[PDB]
Every structure is written in C-alpha cells, then in structure tokens.
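my_file.cif follows (mmCIF, C-alpha atoms and all ligand atoms):
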data_run
loop_
_atom_site.label_atom_id
_atom_site.label_comp_id
_atom_site.auth_asym_id
_atom_site.auth_seq_id
_atom_site.Cartn_x
_atom_site.Cartn_y
_atom_site.Cartn_z
CA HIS A 4 0.10 -29.53 17.93
CA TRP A 5 -0.11 -25.79 17.49
CA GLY A 6 -2.75 -24.23 15.27
CA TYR A 7 -5.45 -21.61 15.35
CA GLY A 8 -8.26 -23.27 17.43
CA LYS A 9 -9.67 -22.76 21.00
CA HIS A 10 -7.42 -25.40 22.24
CA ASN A 11 -4.17 -24.88 20.32
CA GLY A 12 -4.41 -21.28 18.97
CA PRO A 13 -2.21 -18.26 19.65
CA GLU A 14 -2.95 -17.96 23.35
CA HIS A 15 -1.55 -21.48 23.86
CA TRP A 16 1.65 -21.21 21.81
CA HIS A 17 3.76 -19.91 24.71
CA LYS A 18 3.71 -23.33 26.41
CA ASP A 19 5.68 -24.91 23.55
CA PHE A 20 7.39 -21.73 22.40
CA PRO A 21 8.23 -19.48 25.48
CA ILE A 22 9.53 -16.59 23.36
CA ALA A 23 5.84 -16.09 22.36
CA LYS A 24 6.04 -13.72 25.41
CA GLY A 25 9.33 -12.26 24.18
CA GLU A 26 10.58 -8.74 23.61
CA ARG A 27 10.17 -8.45 19.85
CA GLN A 28 7.11 -10.50 18.92
CA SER A 29 4.98 -9.93 15.83
CA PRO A 30 2.53 -8.84 14.61
CA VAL A 31 1.85 -5.48 16.24
CA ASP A 32 -0.64 -2.67 15.93
CA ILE A 33 0.91 0.11 13.85
CA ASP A 34 -0.08 3.38 15.59
CA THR A 35 0.30 5.65 12.61
CA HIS A 36 0.47 8.78 14.66
CA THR A 37 3.35 7.53 16.88
CA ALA A 38 5.33 5.90 14.03
CA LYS A 39 8.39 8.09 13.54
CA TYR A 40 9.10 9.37 10.04
CA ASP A 41 12.77 8.53 9.33
CA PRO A 42 14.11 10.66 6.46
CA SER A 43 17.24 8.46 6.48
CA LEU A 44 15.23 5.36 5.46
CA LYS A 45 15.83 4.45 1.81
CA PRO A 46 13.29 3.46 -0.80
CA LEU A 47 12.68 -0.25 -0.73
CA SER A 48 14.30 -2.11 -3.67
CA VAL A 49 12.14 -4.99 -4.79
CA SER A 50 13.79 -6.87 -7.59
CA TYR A 51 11.54 -9.63 -8.64
CA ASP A 52 12.15 -9.70 -12.42
CA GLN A 53 13.95 -13.08 -12.39
CA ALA A 54 11.82 -14.74 -9.72
CA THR A 55 11.33 -18.49 -10.16
CA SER A 56 8.35 -19.88 -8.47
CA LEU A 57 8.34 -23.62 -8.07
CA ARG A 58 5.47 -25.02 -6.10
CA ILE A 59 2.45 -24.21 -3.94
CA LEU A 60 1.97 -26.17 -0.70
CA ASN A 61 -0.85 -26.44 1.87
CA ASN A 62 1.19 -26.81 5.05
CA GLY A 63 -1.79 -27.19 7.37
CA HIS A 64 -1.60 -23.52 8.57
CA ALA A 65 -1.59 -21.58 5.32
CA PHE A 66 -0.39 -22.13 1.79
CA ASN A 67 3.12 -21.23 0.67
CA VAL A 68 4.16 -20.29 -2.87
CA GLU A 69 7.79 -21.32 -2.90
CA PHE A 70 10.66 -19.93 -4.94
CA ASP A 71 14.05 -21.08 -6.06
CA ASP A 72 16.28 -19.25 -3.62
CA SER A 73 19.53 -20.96 -4.70
CA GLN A 74 20.67 -17.78 -6.61
CA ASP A 75 19.97 -13.99 -6.34
CA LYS A 76 16.83 -14.01 -8.47
CA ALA A 77 14.10 -12.32 -6.39
CA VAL A 78 15.67 -10.00 -3.85
CA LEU A 79 14.74 -7.35 -1.44
CA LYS A 80 17.24 -4.64 -0.43
CA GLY A 81 17.35 -1.07 0.58
CA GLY A 82 14.67 0.21 2.77
CA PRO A 83 15.86 -0.33 6.38
CA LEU A 84 17.96 -3.32 5.31
CA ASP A 85 21.69 -3.78 5.12
CA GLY A 86 22.67 -6.21 2.39
CA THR A 87 20.47 -8.52 0.30
CA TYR A 88 17.57 -10.68 1.13
CA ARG A 89 16.36 -13.53 -1.11
CA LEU A 90 12.72 -14.40 -1.58
CA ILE A 91 11.99 -17.94 -0.38
CA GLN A 92 8.15 -18.05 -0.23
CA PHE A 93 5.02 -16.05 0.20
CA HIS A 94 1.81 -16.88 2.00
CA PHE A 95 -1.22 -15.18 3.42
CA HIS A 96 -3.22 -14.95 6.61
CA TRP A 97 -6.97 -14.34 6.35
CA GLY A 98 -10.19 -14.37 8.20
CA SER A 99 -13.51 -16.12 8.31
CA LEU A 100 -15.11 -12.70 7.56
CA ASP A 101 -13.96 -9.67 5.60
CA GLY A 102 -13.64 -7.69 8.83
CA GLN A 103 -10.66 -9.66 10.14
CA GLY A 104 -7.70 -11.68 8.87
CA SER A 105 -4.65 -9.42 8.95
CA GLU A 106 -1.93 -9.95 11.56
CA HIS A 107 -0.68 -6.38 11.62
CA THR A 108 -3.32 -3.74 12.27
CA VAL A 109 -3.19 -0.03 11.44
CA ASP A 110 -4.67 2.17 14.17
CA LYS A 111 -6.47 -1.03 15.27
CA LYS A 112 -7.95 -1.58 11.84
CA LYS A 113 -7.99 -5.21 10.66
CA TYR A 114 -7.74 -5.97 6.99
CA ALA A 115 -9.32 -8.99 5.34
CA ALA A 116 -5.96 -10.65 4.84
CA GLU A 117 -2.24 -10.00 4.83
CA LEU A 118 0.38 -11.24 2.37
CA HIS A 119 3.88 -12.06 3.67
CA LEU A 120 6.78 -12.22 1.24
CA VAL A 121 9.50 -13.93 3.22
CA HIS A 122 13.17 -13.23 2.44
CA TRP A 123 16.36 -14.40 4.08
CA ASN A 124 19.59 -12.54 4.48
CA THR A 125 22.15 -13.96 2.01
CA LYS A 127 24.99 -13.39 4.51
CA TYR A 128 23.67 -16.45 6.40
CA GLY A 129 23.74 -18.83 3.47
CA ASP A 130 20.30 -20.37 3.86
CA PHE A 131 16.90 -19.87 5.50
CA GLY A 132 17.50 -22.32 8.31
CA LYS A 133 20.61 -20.51 9.55
CA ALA A 134 19.07 -17.10 8.89
CA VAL A 135 16.18 -17.67 11.28
CA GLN A 136 18.69 -18.05 14.14
CA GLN A 137 19.97 -14.52 13.59
CA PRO A 138 18.44 -11.24 14.74
CA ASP A 139 18.66 -9.80 11.19
CA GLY A 140 18.05 -13.12 9.40
CA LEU A 141 14.77 -12.43 7.61
CA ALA A 142 12.96 -9.51 6.02
CA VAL A 143 9.26 -9.96 5.56
CA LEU A 144 7.36 -7.62 3.26
CA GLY A 145 3.81 -7.43 4.55
CA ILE A 146 0.97 -6.22 2.32
CA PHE A 147 -2.62 -5.76 3.45
CA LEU A 148 -5.53 -7.08 1.44
CA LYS A 149 -8.90 -5.36 1.42
CA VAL A 150 -11.99 -6.66 -0.34
CA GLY A 151 -13.09 -4.65 -3.42
CA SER A 152 -11.99 -4.96 -7.04
CA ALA A 153 -10.21 -8.26 -7.98
CA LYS A 154 -6.41 -8.46 -8.06
CA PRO A 155 -5.76 -9.96 -11.49
CA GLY A 156 -2.23 -11.00 -10.48
CA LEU A 157 -3.69 -13.09 -7.67
CA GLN A 158 -5.99 -15.15 -9.81
CA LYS A 159 -3.39 -17.77 -10.75
CA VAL A 160 -2.90 -18.52 -7.06
CA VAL A 161 -6.65 -18.65 -6.36
CA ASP A 162 -7.31 -21.00 -9.20
CA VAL A 163 -4.84 -23.70 -8.12
CA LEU A 164 -6.20 -23.85 -4.47
CA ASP A 165 -8.68 -26.58 -5.20
CA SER A 166 -5.68 -28.81 -6.06
CA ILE A 167 -4.17 -28.22 -2.59
CA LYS A 168 -7.28 -28.29 -0.49
CA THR A 169 -5.90 -30.31 2.43
CA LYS A 170 -2.79 -30.41 4.56
CA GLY A 171 0.32 -31.77 2.91
CA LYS A 172 -0.91 -31.36 -0.68
CA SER A 173 1.35 -29.56 -3.17
CA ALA A 174 1.18 -28.62 -6.83
CA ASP A 175 3.70 -27.41 -9.36
CA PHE A 176 3.46 -23.65 -9.55
CA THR A 177 5.92 -22.25 -12.06
CA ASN A 178 6.16 -18.91 -13.72
CA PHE A 179 4.20 -17.04 -11.08
CA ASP A 180 5.19 -13.34 -10.99
CA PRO A 181 4.94 -11.90 -7.50
CA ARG A 182 5.20 -8.34 -8.91
CA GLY A 183 1.46 -8.75 -9.66
CA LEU A 184 0.76 -8.78 -5.89
CA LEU A 185 2.38 -5.34 -5.17
CA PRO A 186 0.48 -2.07 -4.70
CA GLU A 187 1.72 1.09 -6.59
CA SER A 188 3.36 2.65 -3.64
CA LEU A 189 6.28 1.19 -1.73
CA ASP A 190 5.81 3.56 1.28
CA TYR A 191 6.26 1.44 4.41
CA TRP A 192 6.51 1.07 8.16
CA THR A 193 9.33 -0.99 9.59
CA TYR A 194 10.15 -2.46 12.99
CA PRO A 195 12.14 -5.43 14.42
CA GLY A 196 9.99 -8.47 15.20
CA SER A 197 9.48 -12.17 14.83
CA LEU A 198 7.89 -14.98 12.90
CA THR A 199 4.13 -14.81 13.55
CA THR A 200 3.91 -18.59 13.56
CA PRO A 201 5.75 -21.06 15.83
CA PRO A 202 8.66 -21.19 16.43
CA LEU A 203 8.13 -17.40 16.72
CA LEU A 204 11.85 -16.75 16.27
CA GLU A 205 12.89 -13.13 16.78
CA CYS A 206 14.70 -12.87 13.44
CA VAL A 207 12.55 -10.59 11.28
CA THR A 208 12.84 -7.04 10.02
CA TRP A 209 9.24 -6.31 9.23
CA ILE A 210 8.49 -3.98 6.33
CA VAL A 211 4.73 -3.34 6.11
CA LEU A 212 3.46 -1.42 3.06
CA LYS A 213 1.01 1.38 3.75
CA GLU A 214 -1.05 0.83 0.67
CA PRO A 215 -3.24 -2.26 0.63
CA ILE A 216 -4.01 -4.25 -2.44
CA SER A 217 -7.64 -4.96 -3.18
CA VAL A 218 -8.83 -8.47 -3.92
CA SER A 219 -12.39 -9.50 -4.79
CA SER A 220 -14.84 -11.18 -2.44
CA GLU A 221 -14.66 -14.22 -4.75
CA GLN A 222 -10.86 -14.44 -4.46
CA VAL A 223 -10.88 -14.37 -0.64
CA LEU A 224 -13.81 -16.82 -0.57
CA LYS A 225 -11.57 -19.34 -2.32
CA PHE A 226 -8.95 -18.92 0.39
CA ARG A 227 -11.67 -19.83 2.87
CA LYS A 228 -12.39 -23.14 1.15
CA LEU A 229 -9.00 -24.51 1.97
CA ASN A 230 -8.67 -26.98 4.84
CA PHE A 231 -6.41 -27.13 7.82
CA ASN A 232 -7.02 -30.93 7.98
CA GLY A 233 -5.48 -33.62 5.83
CA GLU A 234 -7.44 -35.59 3.26
CA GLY A 235 -9.70 -38.17 4.81
CA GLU A 236 -10.05 -36.15 8.06
CA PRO A 237 -13.03 -34.12 9.38
CA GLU A 238 -13.20 -30.86 7.42
CA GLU A 239 -12.05 -27.74 9.34
CA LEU A 240 -11.95 -24.71 7.04
CA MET A 241 -8.65 -22.86 6.88
CA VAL A 242 -9.81 -19.51 8.18
CA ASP A 243 -8.66 -17.16 10.93
CA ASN A 244 -5.10 -18.29 10.57
CA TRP A 245 -3.78 -14.98 12.01
CA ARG A 246 -2.01 -14.19 15.22
CA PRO A 247 -3.40 -11.08 17.02
CA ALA A 248 -1.29 -7.99 17.73
CA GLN A 249 1.39 -8.48 20.39
CA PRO A 250 2.77 -5.92 22.82
CA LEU A 251 5.15 -3.45 21.17
CA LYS A 252 7.36 -3.36 24.28
CA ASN A 253 10.61 -1.51 23.78
CA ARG A 254 10.24 -0.88 20.04
CA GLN A 255 9.80 2.00 17.70
CA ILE A 256 7.94 1.71 14.39
CA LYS A 257 9.54 3.87 11.69
CA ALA A 258 7.77 5.31 8.65
CA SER A 259 9.45 5.84 5.28
CA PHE A 260 6.93 8.60 4.46
CA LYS A 261 5.15 11.77 5.54
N1 LIG A 301 4.10 -15.37 9.11
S1 LIG A 301 5.67 -15.02 8.90
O1 LIG A 301 6.32 -14.50 10.10
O2 LIG A 301 5.84 -14.21 7.66
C1 LIG A 301 6.47 -16.57 8.53
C2 LIG A 301 5.77 -17.72 8.40
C3 LIG A 301 6.38 -18.91 8.06
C4 LIG A 301 5.58 -20.22 7.88
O3 LIG A 301 4.61 -20.30 8.70
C5 LIG A 301 5.90 -21.32 6.80
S2 LIG A 301 5.51 -23.03 7.27
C6 LIG A 301 6.78 -23.49 8.42
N2 LIG A 301 6.87 -24.66 9.07
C7 LIG A 301 7.96 -24.58 9.81
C8 LIG A 301 8.52 -25.50 10.68
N3 LIG A 301 9.65 -25.15 11.31
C9 LIG A 301 10.24 -23.97 11.13
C10 LIG A 301 11.41 -23.66 11.81
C11 LIG A 301 12.03 -22.43 11.62
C12 LIG A 301 11.48 -21.49 10.76
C13 LIG A 301 10.31 -21.78 10.07
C14 LIG A 301 9.70 -23.02 10.26
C15 LIG A 301 8.53 -23.37 9.60
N4 LIG A 301 7.80 -22.69 8.74
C16 LIG A 301 7.74 -18.86 7.76
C17 LIG A 301 8.48 -17.73 7.86
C18 LIG A 301 7.81 -16.57 8.24
CL1 LIG A 301 8.83 -15.16 8.31
ZN ZN A 302 2.94 -14.90 7.71
#
Show how you would write the structure in this file as structure tokens.
Amino acid sequence: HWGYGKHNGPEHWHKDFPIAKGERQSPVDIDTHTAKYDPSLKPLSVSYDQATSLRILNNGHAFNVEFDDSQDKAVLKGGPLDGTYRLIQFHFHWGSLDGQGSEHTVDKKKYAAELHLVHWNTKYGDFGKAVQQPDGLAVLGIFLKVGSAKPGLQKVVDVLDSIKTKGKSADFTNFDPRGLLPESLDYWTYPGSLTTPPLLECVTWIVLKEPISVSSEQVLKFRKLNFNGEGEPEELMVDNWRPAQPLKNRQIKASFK
C-alpha cells in the first residue's frame, strides 16, 4: 500500500507504521555546524574485497543489489560501531530532477541521489532478527551529485533495462561495491531508522561527507525504472526518498574537523 505518491507517500506512512513519528527516525538534515567532532570515533573499516554480489531486484520502491551474507565477506566495522556488520544489499534513492533525491540533507542541501549500503550486525545471526534490535543495522550512506560519470556504477546502470518493473530480477554477479566509494571515509554518524516502512529504529547511520559524482546519463537511467509491475500503467520510479525527519533528542557526530 505504501509508496511515494500523493496518496500513499511519506506523509501517510504513520497510519500503517506509527513509529514513523518516533524518536529516532531517518533521514535527517545534517547541520554541519552543530555536528560534534568526536576525536574518539575510529576510522571506518570497509572490507569489501571478498564481496559476492548475487542479484539485482526491482522491488517496486527501488532496486536492490543483493550480496551473499552467509559468511564474513563484505563487512563494515570500526567507525562508531562495536563488532562486525555484514553487507546484505545496496540501493539508491533519487529524484525526478537533479536538485532533489537524497534522503539525508547537508545544511538543507539535497543531492541528486543517495546510495545506502545496508549491513547487519553479525551478533544477531541474520537480517530479520537484526532489524528488531536497536544496534541491528549499520547503513553507509553516500551522496550522489551529477557531474563526471562514476565508472564503477556503469555495470548497475546497464542492467536496469532488464529490471524495469516491479518484481523483476536479474543475476548480478561479480559486482565490486568498492567502485561506488569516494576517496575519503570522513563521516557523520547518528542513531536512526530504516527510511522505508517498516521504519524500524535499528540503524546506526554513517553518512560520508564526500559525495560521489555520477553523470546525467547514469541518473537518467535510474529515472526510467518503474514502480509498477509489467502490464500495468507506467509510473516512473522517481522521487523515492523520504524527507528529513525531526532530529529530536539526538546528536550527530563527525569523524573529522
Ligand atoms: N533506506 S534504508 O533505511 O537504507 C533501508 C531500506 C530497505 C529496503 O527498502 C529494501 S526492500 C524491503 N522490503 C521489506 C519488507 N519488509 C521488511 C521488514 C523488515 C525490514 C526490511 C523489510 C523490507 N525491505 C532495507 C533496509 C534499509 Cl536499512
Ligand atoms: Zn535506503
């Protein structure tokens, strides 16, 4: 039922999912001036050398590139995190125009898109149990701006026509998510939630300061995807972002400056 339209978009989600008005909802605006530099924060450890991508799926809201998370192969640690978080999937949120599309904002700035690399805490055994825990997930968020192409993105862009509509999937092996990372791993971090229903308050958000650039042609291909299934009226998959939510009783920490 939920989606991103006038009638079922973010401002409606609270009726099915009451925590949408909770105390640690995401995304948020990152006020860079009031983010607290924490010299005790560690460098993020991104260990994606042995990542095994499996498949790409249009789930009707976005597309997910899924990984084999049945061993410690692509893991996130360090940073604000205790213990080890395994990559399960990544996906993006993007706009109908270059001036919008990110979920997090930085001093109210919206990026064209935002990449979420979703990881679950191995102490909880699997993703489904992890999302019921307050430290269950760690999502690495990376902003996308439009400029020069991201060559490491092109494999993803080129398979989108094979997953145009809801429920379509395609094999997607040997994709290296290191090609989606900017040079710096400087980040902001704060406790929050899934940005999509069920909006569970289980995420440590780690948002990189440095965006990656992607070309106008790459983001255009995102915008040709469909939220509908095959054989249904075409509604372009665009503006699949949730706006900034109240920060409430939270502090955003900076690993830099
Ligand atoms: N936008 S986000 O917060 O990074 C984020 C997005 C998503 C998705 O939207 C993937 S599609 C997706 N469909 C479902 C259905 N039920 C779920 C129940 C619990 C948890 C996830 C669920 C889910 N995720 C999954 C995890 C995260 Cl952390
Ligand atoms: Zn997301």
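Nearest to residue 35 of chain A of all the residues A:257, A:159, A:17, A:133 is A:257, counting all atoms listed in the file.
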Using all atoms listed in the file, which residues of the polymer chains come no farther than 9 Å from ligand ZN 302 (chain A)? I'd like the answer as an mmCIF file with C-alpha atoms, in the frame of the given file.
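Output saved as selection08.cif:
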data_model
loop_
_atom_site.group_PDB
_atom_site.id
_atom_site.type_symbol
_atom_site.label_atom_id
_atom_site.label_comp_id
_atom_site.auth_asym_id
_atom_site.auth_seq_id
_atom_site.Cartn_x
_atom_site.Cartn_y
_atom_site.Cartn_z
ATOM 1 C CA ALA A 65 -1.590 -21.580 5.320
ATOM 2 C CA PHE A 93 5.020 -16.050 0.200
ATOM 3 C CA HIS A 94 1.810 -16.880 2.000
ATOM 4 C CA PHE A 95 -1.220 -15.180 3.420
ATOM 5 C CA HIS A 96 -3.220 -14.950 6.610
ATOM 6 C CA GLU A 106 -1.930 -9.950 11.560
ATOM 7 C CA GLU A 117 -2.240 -10.000 4.830
ATOM 8 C CA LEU A 118 0.380 -11.240 2.370
ATOM 9 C CA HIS A 119 3.880 -12.060 3.670
ATOM 10 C CA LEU A 120 6.780 -12.220 1.240
ATOM 11 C CA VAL A 121 9.500 -13.930 3.220
ATOM 12 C CA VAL A 143 9.260 -9.960 5.560
ATOM 13 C CA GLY A 145 3.810 -7.430 4.550
ATOM 14 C CA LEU A 198 7.890 -14.980 12.900
ATOM 15 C CA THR A 199 4.130 -14.810 13.550
ATOM 16 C CA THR A 200 3.910 -18.590 13.560
ATOM 17 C CA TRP A 245 -3.780 -14.980 12.010
#
Which neighbours of segment 162-164 of chain A fall inside 12 Å, counting only C-alpha atoms, when residues of the same chain fewer than 3 positions from it are skipped, and could you give them as a VMD selection string? chain A and resid 58 to 61 65 to 68 155 to 159 167 to 170 172 to 177 179 221 to 230 241
Distance of atom CA of residue 78 of chain A from atom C7 of ligand LIG 301 (chain A), expressed in Å to one decimal place: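 Result for atom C7 of ligand LIG 301 (chain A) versus atom CA of residue 78 of chain A: 21.4 Å, one decimal.
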Compare A:246, A:10, A:27, A:127 by their minimum atom-to-atom distance to ligand LIG 301 (chain A), counting all atoms listed in the file, and give me the closest one.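 Answer, going by the shortest atom-to-atom distance: A:246.
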Kindly list the centre and edge lengths in Å, rounded to one decimal, for the axis-aligned box that covers all listed atoms of ligand LIG 301 (chain A) plus 3 Å on each of its six sides, as lines of an AutoDock Vina configuration file.
center_x = 8.1
center_y = -19.9
center_z = 9.3
size_x = 13.9
size_y = 17.3
size_z = 11.0
With only C-alpha atoms as the atoms that count, which of A:50, A:92, A:152, A:43 lies nearest to residue 76 of chain A? A:50
Restricting the calculation to all atoms listed in the file: of A:196, A:102, A:81, A:233, which residue gets closest to residue 248 of chain A?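 Checking each candidate against residue 248 of chain A, we get A:196 as the closest.
The space between atom CA of residue 189 of chain A and atom CA of residue 53 of chain A spans 19.4 Å.
In this model, the gap between atom CA of residue 63 of chain A and atom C17 of ligand LIG 301 (chain A) comes to 14.0 Å.
Residues in contact range of residue 250 of chain A, defined as at most 10 Å between only C-alpha atoms, with sequence neighbours fewer than 5 positions away removed, read residues 24, 25, 26, 27, 28, 29, 30, 31 and 32 of chain A.
Omitting residue 91 of chain A and its sequence neighbours fewer than 5 positions away, and counting only C-alpha atoms, the residues within 9 Å are residues 68, 69, 70, 71, 72, 77, 120, 121, 122, 123 and 131 of chain A.
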Nearest to ligand LIG 301 (chain A): which of A:218, A:44, A:90, A:33 is it, counting all atoms listed in the file?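 Nearest candidate to ligand LIG 301 (chain A) out of A:218, A:44, A:90, A:33: A:90.
When only C-alpha atoms are used to compute distances to residue 216 of chain A, the closest of the residues A:188, A:249, A:11, A:136 turns out to be A:188.
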